[PDB]
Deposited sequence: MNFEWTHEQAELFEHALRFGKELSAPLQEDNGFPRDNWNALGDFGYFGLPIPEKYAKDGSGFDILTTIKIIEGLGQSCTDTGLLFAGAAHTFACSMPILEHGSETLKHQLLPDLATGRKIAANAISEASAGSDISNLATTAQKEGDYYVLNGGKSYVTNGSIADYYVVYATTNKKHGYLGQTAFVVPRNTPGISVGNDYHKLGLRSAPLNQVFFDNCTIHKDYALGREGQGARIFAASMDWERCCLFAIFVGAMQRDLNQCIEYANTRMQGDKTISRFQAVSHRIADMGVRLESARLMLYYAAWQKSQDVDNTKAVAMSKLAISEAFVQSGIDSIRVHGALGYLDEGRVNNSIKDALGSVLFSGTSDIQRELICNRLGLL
């Protein structure tokens, strides 16, 4: 039991912190993150030439550093959705041929992947997917709409979860990598939404899309469990972004409360302000430790789902409180867009919905506690 980072891990973290300043869809910044190595952090060299094959802790520490120094949270979020919800299930469940075909360009960001499971009637409950996949010889025909696809408009591939056998319920779904050029894909314009402007969100329709069976991830019927495994990656690693974003919020509030004066004292001298900041620091230390613990536990081959769900919940909830408290501390200036504070709340409110709402995280926690 220790909280010490290796010299190498510290170096990588400092490298991530410095990279932030070097920064329609911000394609140039996406490619810059590609060159930095963001999309290749957890990809083995075996599958991508400059894939770092980092362990989970090193990977989350670098992501945290980027979440701290890169103010475009939405962009980091797009990148993490691509890496953890798409590249990782490909790595874990793709044939060797699919992995060599897809991972090199995923790893550099030259090609972009989007995760597609939610539908018009499937959100928190994904037990009954209206999107179907029918076997026809060596091919599957995919049919259905996916309603909130991050990276929908920019995606070169969709990881799509579809019902292959209604009667097998939970074990009746299958995962497929669907190339963008497959006839029958249409994508709506990017939604206008509260935050995370750099991460496109789109409706995607699959109208009798034919794909070769080698594009299936895992076996027929494994869809639900592969999706669970990809959410284990995403809920764990993607949320490292917001722990960094919260360190930034906190740093900004401390600076401001030490600089801004009202009636001849810094506002730091009012406990309504300073004790508010103290609680941002508390909730942040807590969320960061929970992340580190979930990432460590995920590396131990035990069921780490409880720790991951607790971390996702604590980070995303702390991030909403951080966004609100930063505005409070900054006053009217925080309400103004030029205050450069009000993106935290807009982005944070996304983080308690995507990857499973807070209510779903508590469902998972309750289940892992053994509650009937």
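- Could you name the stretches of the deposited sequence that have no C-alpha atoms in this structure? That part of the chain that was deposited but carries no coordinates is 24 to 31, and nothing else.
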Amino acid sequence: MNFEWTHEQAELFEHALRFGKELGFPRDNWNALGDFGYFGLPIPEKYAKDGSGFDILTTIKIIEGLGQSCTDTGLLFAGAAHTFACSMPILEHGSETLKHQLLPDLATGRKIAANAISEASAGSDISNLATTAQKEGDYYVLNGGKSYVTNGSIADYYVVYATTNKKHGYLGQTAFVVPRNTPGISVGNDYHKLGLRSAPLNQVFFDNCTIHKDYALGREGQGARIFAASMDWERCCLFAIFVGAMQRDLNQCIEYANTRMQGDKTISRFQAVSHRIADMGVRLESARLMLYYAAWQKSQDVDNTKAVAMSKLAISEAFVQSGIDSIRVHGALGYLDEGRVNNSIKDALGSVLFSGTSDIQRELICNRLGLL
From here on, numbers count along this sequence of modelled residues.
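- Message: Please compare 235 to 243 with 125 to 133 and name the stretch with the higher mean C-alpha B-factor in the deposited structure.
- Response: Mean C-alpha B-factor is greater for 125 to 133.
- Item | Average Cα temperature factor in the PDB entry - higher stretch of 260 to 268, 154 to 162 | Mean CA B-factor is higher for 260 to 268.
- Task: Compare the CA B factors listed in the entry for 74, 179, 184, 218 and report the winner.
- Result: Among 74, 179, 184, 218, the PDB entry lists the largest C-alpha B-factor for 218.
- Query: Which one of 319, 30, 335, 54 shows the top CA temperature factor in the record?
  - Reply: That would be 54, according to the entry.
- Message: Which third, lowest, middle or highest, does the C-alpha temperature factor of residue 323 belong to within its own chain?
- Response: Lowest third of the chain for residue 323's C-alpha B-factor.
- Message: By the recorded C-alpha temperature factor, relative to the other modelled residues in its chain, which third is residue 295 in?
- Response: Middle third.
- Lowest, middle or highest third: where is residue 353 by C-alpha B factor in its chain? Lowest third, going by the recorded CA B-factors of the chain.
- Query: Within this chain, which third does the Cα B-factor at residue 364 fall in: lowest, middle or highest?
  - Reply: Residue 364: CA B-factor falls in the lowest third of its chain.
- Query: With respect to C-alpha B-factor, does residue 249 fall in the lowest, middle or highest third of the chain as deposited?
  - Reply: Lowest third - that is where residue 249 ends up once the chain's C-alpha B-factors are sorted.
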